[PDB]
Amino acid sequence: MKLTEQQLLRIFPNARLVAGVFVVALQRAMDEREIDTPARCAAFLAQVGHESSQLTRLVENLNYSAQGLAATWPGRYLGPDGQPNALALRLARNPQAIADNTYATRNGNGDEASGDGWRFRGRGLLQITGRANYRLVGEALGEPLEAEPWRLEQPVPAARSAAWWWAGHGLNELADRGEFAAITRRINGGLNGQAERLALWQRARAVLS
């Protein structure tokens, strides 16, 4: 394989500003994890491109309204009334407080007071969340992700972390067989955004063919 910046802009047009640095980051991460054929690369690029809004969103958005908190984490933020409860009202529209509360004690995070929920909110192309996962990924990649979680918003850690996760979940062999929807299920635990993933995938297959 070989990916050209021309090919990137045709697949991720909204990455014009980042495509220059991402092209080397992606090419190297893809070689590193044997994402090494048009079929493997098209599937990989289609999935990470959906999950990262074409390389423009590498950090999770926690700007929820009180109604959004109640819809998203109802066991936490929905009252017996069908209305946002008092906790939802207290945290509404405050991303740091939302993450610090919602993700406390999740995936190796400390408690609310630790600030771990915000500190280790989702980052990357295929997003990594929680202290223990930043630790695990940082150690697999030889980068200081637990100490510097913001590194996952930068091209090389984002690309290498996504390629590592991809190859480690058997997604290369799924791509070999053309089982794209089965890849979507493994990444999403469902088929949310499948229509969008499929359109990116068919673009990428045409470009990389």
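Position 1 is the first residue in the sequence shown; the rest follow in order.
Asker: Which wins on mean Cα temperature factor, 49 to 57 or 63 to 71?
Answerer: Looking at the recorded C-alpha B-factors, 49 to 57 comes out higher on average.
Asker: Which has higher Cα B-factors on average according to the PDB entry: 113 to 121 or 73 to 81?
Answerer: Taking the mean C-alpha B-factor of 73 to 81 and of 113 to 121, the larger value falls to 73 to 81.
Asker: Ranked by Cα temperature factor within the chain, is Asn133 in the lowest third, the middle third or the highest third?
Answerer: It falls in the bottom third of the chain.
Asker: Using the B-factor values recorded in the entry, state whether the Cα atom of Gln27 falls in the lowest, middle or highest third among the modelled residues of its chain.
Answerer: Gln27: CA B-factor falls in the highest third of its chain.
Asker: Could you place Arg177 in the lowest, middle or highest third of its chain by Cα temperature factor, using the values in the record?
Answerer: Middle third of the chain for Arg177's C-alpha B-factor.
Asker: Name the third of the chain's ranked CA B-factors that contains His169, choosing lowest, middle or highest.
Answerer: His169: CA B-factor falls in the highest third of its chain.
Asker: Comparing against every modelled residue in the chain, figure out the third that the C-alpha B-factor of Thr105 lands in (lowest, middle or highest).
Answerer: According to the entry, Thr105 has a C-alpha B-factor in the chain's highest third.
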